[PDB]
Every structure is written in structure tokens, then in C-alpha cells.
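There is one chain below, alone, in C-alpha cells, taken in the form deposited in one PDB entry.
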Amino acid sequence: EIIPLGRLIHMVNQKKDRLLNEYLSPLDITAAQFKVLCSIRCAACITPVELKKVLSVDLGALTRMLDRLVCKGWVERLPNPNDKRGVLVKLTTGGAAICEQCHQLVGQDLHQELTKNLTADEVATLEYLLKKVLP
């Protein structure tokens, strides 16, 4: 079984997203929706266009999603001081809290599930070598 790095990373990413959906279930929020909140939380404010690039998802589906999350009271649209035609989306108090709960709920378990087939010895090597690919 020889399998190229790129494909392995894809497969392991997808599985992580499966588990994300599972562990986010109690809070009625998908992995896709959650990634959005996080990206918005890393900036203070960000535009849909800028948010599309970071997330790498379709602009239209993202715009529908952004609106779902607005109904949920998690995301609000400020008018861009610079653009005055584009909008800066940011998290609400509710959005920031709901986002932080999601982290607290998902985080420990997802890691523990992903790494159930590995020694803490091997887990460290894996983290180390994945770090090497990034810079």
C-alpha cells in the first residue's frame, strides 16, 4: 500500500471533518459552519471575499451560510469604513461564545479519536513532521 502524501492528507482531513460534525452535533452546528466562525474569530473583522479565500469555498454557498449564521445571531455585518460598499462580517457576543463552546466540546475528543491508532510516541512524531511541511 503505497499512497502519496497529498492524498493521505486529504483522506485524513476528511475523516477529521466527519468527526467534527459528530462532536459538534450537541450544539446544532456543522463542521463547515464552525470553520466559518473560527476564521471570522481569527480576524476581528473580515469581508466575505477575504473569507472565501481563507476558507477556499464557493462564494455563493458561503453567502447563504453567512446569512444562516446571521439569523442564528452569531454573525453581524458592519459596513466597511474603507469600502462603503463591501461589508465586514464579525462574530457577535453570542457567536464568540458559541464558537468557544464548540472548541471546548470538540477539541479533546477529536484529538483522542484521530489518534486512537497511535502511540503518544507516534503522535509526537506525526505532529513534528507535519510542522516541517508548513514553512
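Start at 1 and count along the sequence shown; that's the residue number. Each form is matched to the other, and the largest set of C-alpha atoms that superpose within 1.5 Å is called the rigid core.
Higher mean CA temperature factor between 89 to 97 and 74 to 82: 74 to 82, per the PDB entry. Comparing the deposited coordinates for 35 to 43 and 52 to 60, the stretch with the larger average C-alpha B-factor is 52 to 60.
Residue 29: CA B factor in the lowest third of modelled residues in this chain (values from the PDB entry).
When the modelled residues of the chain are ordered by C-alpha B-factor, residue 5 sits in the middle third.
There is another form of the same protein, the form deposited with a small molecule bound; it is not shown, and what comes next is about it.
Although the partner is absent from this view, residue 63 contacts the small molecule in the bound PDB entry, with a non-hydrogen atom inside 4.5 angstroms. For the chain shown alone, residue 59 is a contact residue for the small molecule in the bound PDB entry, at least one non-hydrogen atom being within 4.5 angstroms.
Contact between residue 53 and the small molecule in the bound PDB entry is not found at the 4.5 Å heavy atom cutoff. Using a 4.5 angstroms limit between non-hydrogen atoms, residue 27 is distant from the small molecule in the bound PDB entry. Contact here is defined as any heavy atom lying within 4.5 Å of the small molecule in the bound PDB entry, and by that definition each of 32, 68 and 87 is a contact residue. With the rigid core aligned between this form and the one not shown, only one of 97, 38, 45, 27 has a CA shift of 2 Å or more: 27. With the core held fixed between this form and the one not shown, residue 127 has its Cα displaced by under 2 Å.
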